[PDB]
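Novice: give me coordinates for this.
(chains A, B, C, D, E and F)
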Amino acid sequence: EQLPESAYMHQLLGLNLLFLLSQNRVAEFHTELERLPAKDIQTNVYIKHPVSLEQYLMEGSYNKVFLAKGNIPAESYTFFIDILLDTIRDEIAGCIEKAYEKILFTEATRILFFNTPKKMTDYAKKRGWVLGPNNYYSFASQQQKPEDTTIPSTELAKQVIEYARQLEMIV
Amino acid sequence: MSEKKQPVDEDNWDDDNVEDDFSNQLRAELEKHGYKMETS
Amino acid sequence: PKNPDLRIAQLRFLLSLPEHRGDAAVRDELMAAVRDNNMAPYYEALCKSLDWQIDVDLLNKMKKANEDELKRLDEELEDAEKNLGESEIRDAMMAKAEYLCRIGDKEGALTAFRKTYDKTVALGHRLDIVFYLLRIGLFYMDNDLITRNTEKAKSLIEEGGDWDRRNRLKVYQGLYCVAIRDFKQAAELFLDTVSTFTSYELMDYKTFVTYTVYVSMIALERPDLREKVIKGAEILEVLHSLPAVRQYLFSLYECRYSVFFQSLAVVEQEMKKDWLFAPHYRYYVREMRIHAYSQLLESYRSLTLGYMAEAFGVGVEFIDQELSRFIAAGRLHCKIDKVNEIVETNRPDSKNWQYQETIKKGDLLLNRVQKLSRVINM
Amino acid sequence: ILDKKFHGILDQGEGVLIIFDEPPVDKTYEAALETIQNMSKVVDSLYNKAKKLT
Amino acid sequence: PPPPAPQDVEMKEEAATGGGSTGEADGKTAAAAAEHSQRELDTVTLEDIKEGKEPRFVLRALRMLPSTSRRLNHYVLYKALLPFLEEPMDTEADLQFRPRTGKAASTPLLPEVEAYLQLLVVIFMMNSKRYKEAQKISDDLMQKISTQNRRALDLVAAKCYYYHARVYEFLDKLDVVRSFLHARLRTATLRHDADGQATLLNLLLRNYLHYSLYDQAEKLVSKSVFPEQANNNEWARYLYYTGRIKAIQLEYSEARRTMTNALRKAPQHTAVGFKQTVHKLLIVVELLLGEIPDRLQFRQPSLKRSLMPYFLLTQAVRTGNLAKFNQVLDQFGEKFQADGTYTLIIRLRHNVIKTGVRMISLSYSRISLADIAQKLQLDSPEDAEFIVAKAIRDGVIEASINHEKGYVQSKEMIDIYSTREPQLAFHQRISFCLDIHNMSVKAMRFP
Amino acid sequence: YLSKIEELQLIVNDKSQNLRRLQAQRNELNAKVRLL
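Specialist: Numbers count the residues shown, from 1 in each chain, chains lettered A, B, ... in the order given. The coordinates are given below.
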């Protein structure tokens, strides 16, 4: 009970929480929040700053990643804020991109900066075109193009067969 | 009935839906509405 | 015995909300306090009104007149027992003690009614006492007195086909429901428009006609609406003297949209200073708006709000956010739209919700049968 | 179409103004009217059910 | 003159209930108990309600040959504690009527919970339950004679483990009782399933969301479902605790249905605020959905003194005022930190934006972007394209941005008419209906 | 001490007996229905 003030605790929990969100563990984010409700009220500023970041990611951040990266300049968080810049997402690349939308620069998404070096050219051609089969996003599918059939009328007909079986089991 | 945690713990009231809809929305209900037609 | 006293209740409401006149409470309230032996109507208004300049002495003479009436009552209680007749004590004090109820709100009531209810040779002897509770139950909006006397009227006053003071019961229940949150009870129980002809709640019979139209424009479907307030010729006169009422009616059947807001403004400004309408004056607005918008959505599937704009006069962004709030209420489904701007309506509730309602019963209904089949084996 | 009807929905861009409905569907209506009173019975029986035990 | 009446009817308590339970439990197996033996719950909560008293019914317990007629009548006649709770073992070891051991180790001992002196007898109740837990342990090492502890005293046992809980809580926490519980589980896992683990698991979550947080994942591997749910009350509050979990696991769309289920399976009464106070933090998950109706359909005015924050809070939800947000936060954030509320303060803004986008989305087929940036208190068109993508976030109704300058080319989605999606689900609807036909089959099987 | 308490567990078995007896009663019902 007599654990004294260890100032490493704030930023080691900060790096824990930082990589913990960087690997997309929001259940683990809030289990971290709930294992310490006391000091995370007004003190523990390097946990209180990731929960302002949780307000920013509650907002579903692509703008607020840069708007919150503005205020973490030097704490040796670098290895894990790089993984945060990795875990910034690619849904607009999964909707409208893949060799042309002239530039998606004005939304503060970290990857979607850097107008055309081979960094974002590599990213616009990264491992294909994240959708997959039958289409590009040069002309979008607008989701994925599933639109299969009503072949499942036949397997709901199978459901009817074992439904009549379960009727027979019931009488 | 102590359920082991919980012991520790139409007048004007159906209108509350309309009123909480109308808290900061058309707070007068007519005194702009009767005067809308001469705004334009 | 109750017409200026219900007008005192009108004055209670009339100087309840506004302060545009701070001297009605001397003008027609002192004119009320000099009649009817109105003592309590100033004795309770002595605090909520002004300082009451020196209002004891001109009221000392009238409480002395009340003292004269009360002392001849106190002599009369043993002067009537010397009169060798049946219950003449009860008669001779029930008369002036119902008059004490006319004087004082609760005291003459309590000291009278529990004696003059002791024999009931007629249901009028019950029901006049019930009326003398109903007057104070309109004055002070009680619930216990003026629903339990109606319970007593719904105990034994079913008998006797006298029909006047049995329809009074229907009218009082209509007034009591429309005094709170009524949709249908005042329409169903103010069906008896014509057949009342005289009361104290009928202090203006035409305002009773205003009451029955101000509820029968809500609780009444359009075939029933034309059948009642159009194919009612016996009600047509007393709606015929009221222009804007009849205007709103025949326009609302005529679907005359640009005068609806005019006539609604008339009815709403009437709703301001009329009592038992404080739980109603904001609800009634959107109620009749969505009620007109019902057949306005039944009108088309191909509809723009510019057509609505020149149907109403100004509604462009007003009705945009307004119908947006009506959709947010859940009712009135239509797709109001940006620049394409086509207000598209739907089809009625058959499709799968008619299928769905049955198991929407049998979710909690069948939870009832589940758990109450789990009642047997613990 | 507003006040009265012959159930002609506004069919602006077809050229028939098709007048159609199926009024006998009332098996579903009648079953709904059943359910409403079937569980009025059940709820009236629940008094016996939760009364005669304890 | 009143206390000679429980000398009659408090006597007939043990006569009718206990005597019938033990005598009819001596034979007619599994009708041995559970037709008035587990009247125990309310008849013995009532024993702690219906009615010096402390030493009288605890002296001279184990006598001989079955003369409890005379002995309980002595307990009647004597109305005119340091070894005393141990005197049912100090007269002699109980040595007969093994269905009576836990019964008389529960029903006389437990009224000190309702006497509330909490200072000298809670440790004596601890010792009395060391005796009763010696029965609990020694039923399988020294009592190889017949069942008598499953069919009657297991249902008695879980009840007096709630009384274990009532004793253990009023001073401290319990840790040894948890491995002790899982041993009780191992001697109830394969042989005869009792709730038991779910009792101290309700207590586990109840003290752990106060004080330990690893254990929901241990529930995940520990989720033996137990579909018996016989009381449905323990199971109801079990759903309440795990719905608080999924609220703190931020699972909402599951939470609304399972917590509405947990409410509608409460047949409860007594409007002190039991159902009400449990239901408030229940529909906190609906405050976290982004959608909540007006709470006029939920309030009992006995809860009003506690919901003096809550109504203004749901006003803040339906509105979007940051003044009301922070003001309800600082002013009206009391009394809910005892339950834990501050995960809605981070995402009340999300509640605002989802309420707004629900209204506008079902309102508008097509909206424009730089005017839905000014419907609510938005910031910018880049924030509005941002919040359109975050408004999808899961698979919401079709909103394609008109990707030149036409802001959004959203339209409404269709084909819910009556075609294949309802008859895709009606197989499962009537799968539920055939499950109720299985309930009819077991209704026939109850005799 | 495995071979003590399995005998007790053999009363789950005895639940089939009550159902057996009662459906025998159910057959006994129809026996005089068919005799009628």
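Novice: for the nearest residue to residue E:399 once chain neighbours are set aside, what are phi and psi?
Specialist: The shortest distance from residue E:399 to any residue that is not its chain neighbour, by CB to CB, 6 or more residues apart in numbering or on different chains, is 3.9 Å, and that residue is residue E:410. To be clear about C-beta, it is placed using only N, CA and C from the backbone, and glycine gets the same treatment. Here is the backbone geometry of residue E:410 (degrees, to the nearest 10): phi -70, psi 150.
Novice: also residue C:34?
Specialist: Note on residue C:34: backbone dihedrals following degrees, to the nearest 10 are phi -90, psi -20.
Novice: for it, give me its contacts.
Specialist: Applying CB atoms under 8 Å, 6 or more residues apart in numbering or on different chains, one finds that residue C:34 lies in contact with residue C:62.
Novice: how much space between it and chain E?
Specialist: Shown here: residue C:34 relative to chain E, a distance of 43 Å by CB to the nearest CB, to the nearest Å.
Novice: quick revisit: show me what contacts the residue nearest to residue E:399?
Specialist: E:364, E:365, E:366, E:367, E:397, E:398, E:399, E:400.
Novice: and which of those is nearest chain B?
Specialist: Closest to chain B out of the contacts of residue E:410 is residue E:364 (17.9 Å), distances taken as CB to the nearest CB.
Novice: show me the contacts for residue 62.
Specialist: Going with chain A. A:88, A:89, A:107, A:108, A:109, E:386, E:389.
Novice: my bad, the chain I had in mind was chain E
Specialist: If a contact means CB under 8 Å, 6+ apart, then residue E:62 has E:88, E:89, E:91, E:92, E:93, E:94, E:95 as its contacts.
Novice: one more pass at 10 Å, please.
Specialist: Taking CB atoms under 10 Å, 6 or more residues apart in numbering or on different chains as the contact definition, residue E:62 lies against E:68, E:71, E:87-97, E:100-101, E:104.
Novice: just the residues you listed: which are in helices?
Specialist: Among those, the members found in helices (DSSP state H) are E:68, E:71, E:87, E:88, E:89, E:90, E:100, E:101, E:104.
Novice: list only buried entries from those residues.
Specialist: Under a neighbour-count criterion of 16 or more other CB atoms under 10 Å in any protein chain shown, the subset of those counted as buried comprises E:68, E:71, E:88, E:89, E:100, E:101, E:104.
Novice: quick check: the residue lying closest to the second one once chain neighbours are set aside vs residue C:270, distance?
Specialist: Think residue E:71. Counting by CB to CB, 6+ apart, the nearest residue to residue E:71 once its immediate chain neighbours are dropped is residue E:63, at 5.6 Å. With distances taken as CB to CB, to the nearest Å, residue E:63 is found 87 Å from residue C:270.
Novice: what about the two, which has more around it?
Specialist: Comparing residue E:63 with residue C:270 by other CB atoms under 10 Å in any protein chain shown, the one with more neighbours is residue C:270, at 16 against 13.
Novice: and the more buried one, what helix or strand is that in?
Specialist: In this assignment (DSSP states H and E), residue C:270 forms part of helix C:260-272.
Novice: ok, is the next helix-or-strand element following that helix in contact with chain E or not?
Specialist: The first helix or strand that comes after helix C:260-272 along the chain, using DSSP H and E, is helix C:283-299. No - shown here: helix C:283-299 not in contact with chain E (CB under 10 Å from any CB of the partner chain), separated by at least 13.3 Å.
Novice: contact partners for the residue nearest the centre of chain F?
Specialist: Central residue check for chain F by CA atoms, centre = their mean: the C-alpha nearest the mean position is that of residue F:17, 1.8 Å away. Residue F:17 makes contact with E:29, F:11 under the criterion CB under 10 Å, 6+ apart.
Novice: host element of residue 19?
Specialist: Reading this off chain A. Here residue A:19 sits within helix A:8-22, counting by DSSP H and E.
Novice: that was the other one, I meant chain F.
Specialist: Of the helices and strands defined by DSSP H and E, residue F:19 is found in helix F:14-35.
Novice: list the contacts for the residue lying closest to residue E:161 once chain neighbours are set aside?
Specialist: Across the structure, with CB to CB, 6+ apart as the measure, the residue nearest residue E:161 apart from its sequence neighbours is residue E:199 (5.7 Å). Under the criterion of CB under 10 Å, 6+ apart, the neighbours of residue E:199 are B:4, E:157, E:158, E:159, E:161, E:162, E:164, E:165, E:181, E:184, E:234, E:238.
Novice: could I get the phi/psi values of the fifth one?
Specialist: What it means is residue E:161. Per degrees, to the nearest 10, the residue geometry at residue E:161, taken as phi and psi, is phi -80, psi -30.
Novice: still on that earlier bit, what is the nearest of the ones in helices among the contacts of residue E:62 to chain C?
Specialist: Chain C has its nearest neighbour among the ones in helices among the contacts of residue E:62 in residue E:100, at 21.4 Å by CB to the nearest CB.
Novice: shouldn't that closest one be in contact with residue E:18?
Specialist: Yes - with the criterion set as CB atoms under 10 Å, residue E:100 and residue E:18 qualify as a contacting pair; they are 7.7 Å apart.
Novice: quick one: common contacting residues for those two?
Specialist: In contact with both residue E:100 and residue E:18: residue E:68, using CB under 10 Å, 6+ apart.
Novice: may I see the buried residues of stretch E:45-59?
Specialist: Using 16+ other CB under 10 Å as the burial criterion, the residues of stretch E:45-59 that qualify are E:47, E:56, E:57, E:58.
Novice: that should have said stretch D:6-20, apologies.
Specialist: When neighbours are counted by 16+ other CB under 10 Å, the buried residues of stretch D:6-20 are found to be residue D:9.
Novice: related to what we said a few turns ago, distance between the helix holding residue A:19 and the chain's centre?
Specialist: In terms of CA atoms, centre = their mean, to the nearest Å, the centre of helix A:8-22 is set 18 Å apart from its chain centre.
Novice: need the next SSE after that helix, C-terminal direction.
Specialist: If you walk from helix A:8-22 toward the C-terminus, the next helix or strand you reach (DSSP H and E) is helix A:26-35.
Novice: right, quick check: that following helix against chain E, any contact?
Specialist: Yes - using CB under 10 Å from any CB, we find that helix A:26-35 touches chain E at A:26, A:27, A:29, A:30, A:31, A:32, A:33, A:34, A:35.
Novice: pretty sure the second one contacts residue E:217?
Specialist: Yes - using CB under 10 Å, residue A:27 is in contact with residue E:217, at 9.5 Å.
Novice: write out the residues of chain D neighbouring chain F.
Specialist: Contacts of chain D with chain F, taken as CB under 10 Å from any CB, are absent.
Novice: I'd like the contacts of residue E:410 as TSV, with secondary structure appended.
Specialist: Written out in TSV, the entries for these read as follows (DSSP: H, G, I helix; E, B strand; the rest coil):
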residue	secondary structure
E:364	strand
E:365	coil
E:366	coil
E:367	coil
E:397	coil
E:398	coil
E:399	coil
E:400	coil
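Novice: selecting buried members of the residues you listed in ChimeraX, what would you type?
Specialist: The buried subset of the contacts of residue E:410, as determined by 16+ other CB under 10 Å, is captured in ChimeraX by this line:
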select /E:364,365,366,367,399
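Novice: neighbouring contacts of stretch C:218-229?
Specialist: Stretch C:218-229 is contacted from outside by C:182-188, C:190-191, C:193, C:212-213, C:216-217, C:231-232, C:235-236, C:239, C:245-246, C:249-250, C:252-253, C:283-284, C:287-288, C:291, C:294-295, C:298, D:2-4, using CB under 10 Å, 6+ apart.
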